[PDB]
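In: Sharing an experimental structure here, sequence included.
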Amino acid sequence: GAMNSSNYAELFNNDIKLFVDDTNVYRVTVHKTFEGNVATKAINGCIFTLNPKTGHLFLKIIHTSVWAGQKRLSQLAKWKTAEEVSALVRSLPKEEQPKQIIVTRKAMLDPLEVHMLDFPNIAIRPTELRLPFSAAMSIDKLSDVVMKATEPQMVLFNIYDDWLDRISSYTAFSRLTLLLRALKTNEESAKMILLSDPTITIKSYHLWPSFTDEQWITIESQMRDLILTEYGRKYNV
Amino acid sequence: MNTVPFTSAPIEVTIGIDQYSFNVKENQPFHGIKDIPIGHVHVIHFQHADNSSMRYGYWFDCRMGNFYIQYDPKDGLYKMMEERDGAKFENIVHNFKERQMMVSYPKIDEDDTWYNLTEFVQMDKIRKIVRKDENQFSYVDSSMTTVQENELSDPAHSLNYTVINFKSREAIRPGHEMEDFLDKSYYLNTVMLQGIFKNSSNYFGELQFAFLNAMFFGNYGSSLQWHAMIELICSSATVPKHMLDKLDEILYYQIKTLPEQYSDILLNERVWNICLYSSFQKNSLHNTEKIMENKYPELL
Ligand SMILES: Nc1ncccc1CO
């Protein structure tokens, strides 16, 4: 069924599963034309496909050329996402293929279902969770490889860096969603927190700074504070 | 004109013959129905006064033999049977007519309703959907399930409708995932019309058959089948011009004939609003759209 607060922990059992987020697949800047009309110009996007147990991120970069001469792009984007996810599954060895795929937006269910007709035993599931994965383009290294791409390209990351050497999947996913929730709600402040101390660095092969366990607690605290404040402002409470 | 005699009427029952129905009292001297128009299939159906559950009935074509009804007190229902001895049958009938114990199929001459509801329905095709080859007539009831329903338990008691499934490999060509799902013309025209049904007449035949079973018996899987076959057409961008025009006439008479108090369970909001207002053919069903709005504007 649908994934929610109640079956939350199923994400960290030993059945392979992937989240798919399509928010950043079709990206446009909206601008004015010489004649005063409004036009869009697309920029490169990405599909965010994540194994929440292992941290493996399959970042498929969606180059603006895939939209050339196409109509109804926001609708096409959902099918292109489904096509690319299906191609990823087919590329994986059978023992690496997921048993479930959880889409973060319900509009992806039918496109993914039709593209995965060849995999009847892979469950396609929606979710009631409001996951912050749209904020993936607030991570500098992910944003950078997407914008620099000159062709379709798959880039692999571990979004947890080396955290699993020290913590469990459950705690690592919680850290990740907190970082992304903060980046989504106030990117400027969120990023000030992560880099304020020039002595804490990001390894060339990582996405986030190399915090000790104690500095992660101070970080996580500071990220919570940001998220609450913004909420009182949002709603005046 | 042909006749379907009744041995007797031992239990109080409402009897329908096509879109007509009569109330018969327990052991009232009733002996059948006369003046039945030759040249169309017909259905004779029953609802007992004591168990308003289980509407049941028989599809038949009088050109295929002599048929009568006899109550079975062991199985508890009015059964259709064939009389093979032609002289024995004319004799029974002539006697019952002479005693004026038969109702007359009450067709107004101006009325083409039954023709229009059964234009493509073929009795020989009905027997491939309801498989019981030792009989020339076909039994249907409220509770029977369809082959597709059974997939998602007794095969002998099944309605074999054409499985239609919009998220299936039969419906979706590899490499045309998006194309075929948003425009089902491939599945309509190549898979179903050319492949399975062979022509449009046949397709319309099954569609009318499914509607009639839904309306007369409240058969839920038939209703699902009728809506599915409408939706496949309405969701195709490319439909032969003669089919659209005929579809509009088919659906008009089906909506016209529906009891006004049954539109809640027999009519599927999603399909109708999509067919009439969102689909490719939103503009190609003028009569069906006009009668839907003036008679069931709530659903929409
Ligand atoms: N023509 C038909 N008449 C009744 C039932 C089914 C079909 C389809 O062959």
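Out: Received, thanks. Numbering: from 1, shown residues only, chains lettered A, B, ... in the order given.
In: how about the longest helix seen in chain A: buried residues?
Out: If you go by DSSP state H, chain A has its longest helix at helix A:213-235. For helix A:213-235, the neighbour count (16 or more other CB atoms under 10 Å in any protein chain shown) marks A:216, A:219, A:220, A:222, A:223, A:226, A:227, A:230 as buried. C-beta: built from backbone N, CA, C; applies to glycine.
In: Work out the gap between it and the centre of the chain.
Out: Its chain's average C-alpha position is 20 Å from that of helix A:213-235, according to CA atoms, centre = their mean, to the nearest Å.
In: and chain A, which residues reach the ligand?
Out: Residues of chain A found near the ligand (CB under 6 Å from any ligand atom): none.
In: and the residue of chain A found nearest the ligand, what is it in contact with?
Out: Here the residue of chain A nearest the ligand is residue A:117; by CB to the nearest ligand atom that distance is 27.0 Å. Contacts for residue A:117 (CB atoms under 8 Å, 6 or more residues apart in numbering or on different chains) come out as B:167, B:168, B:169, B:172.
In: List the residues that contact the first one.
Out: It refers to residue B:167. Contacts of residue B:167 (CB under 8 Å, 6+ apart): A:110, A:113, A:114, A:117, B:181.
In: again, 7 Å this time
Out: A:113, A:114 (CB atoms under 7 Å, 6 or more residues apart in numbering or on different chains).
In: swap in the last one?
Out: Contact partners of residue B:172, counting by CB under 7 Å, 6+ apart, are A:114, A:117, B:180, B:181.
In: Setting aside sequence-adjacent positions, which residue approaches the residue of the stretch 1-150 of chain B found nearest chain A most closely?
Out: Of all residues in the stretch 1-150 of chain B, residue B:148 sits closest to chain A, at 16.5 Å by CB to the nearest CB. Spatial nearest neighbour of residue B:148, excluding adjacent residues (CB to CB, 6 or more residues apart in numbering or on different chains): residue B:163 at 4.8 Å.
In: For residue B:150, see how far away the one you found is.
Out: 10 Å (CB to CB, to the nearest Å).
In: Also residue A:58?
Out: On the measure of CB to CB, residue A:58 and residue B:150 end up 39 Å apart.
In: More neighbours: those two, which one.
Out: residue A:58 (21 against 14; other CB atoms under 10 Å in any protein chain shown).
In: Three-state assignment for whichever residue of chain A sits closest to chain B, please.
Out: Residue nearest to chain B within chain A: residue A:79 (4.0 Å; CB to the nearest CB). Counting by DSSP: H, G, I helix; E, B strand; the rest coil, the backbone at residue A:79 sits in helix.
In: Hmm, it is touching residue A:110, no?
Out: No - contact criterion CB atoms under 7 Å: residue A:79 and residue A:110 do not qualify, at 9.5 Å.
In: and the residue nearest to residue B:148, how many residues sit next to it?
Out: 14.
In: again with residue B:1
Out: As a burial measure, residue B:1 scores 11 neighbours (other CB under 10 Å).
In: Apart from its neighbours in sequence, what residue is nearest it?
Out: residue B:35 (4.8 Å).
In: Report the contact partners of the one you found.
Out: B:1, B:104, B:105.
In: any idea how far it is from residue B:43?
Out: Taking CB to CB, one finds residue B:35 at 16 Å from residue B:43.
In: OK, contacts around residue A:44?
Out: Neighbours of residue A:44 in contact, by CB under 7 Å, 6+ apart: A:61, A:62, A:63, A:64, A:146, A:147, A:149.
In: could those residues go into TSV alongside distance to residue A:192, neighbour count and secondary structure?
Out: Output for the contacts of residue A:44, formatted as TSV (distance: CB to CB, whole Å; neighbours: other CB atoms under 10 Å in any protein chain shown; DSSP: H, G, I helix; E, B strand; the rest coil):
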residue	distance to residue A:192	neighbour count	secondary structure
A:61	28	21	strand
A:62	30	26	strand
A:63	32	18	coil
A:64	31	15	helix
A:146	23	23	helix
A:147	22	12	helix
A:149	28	17	coil
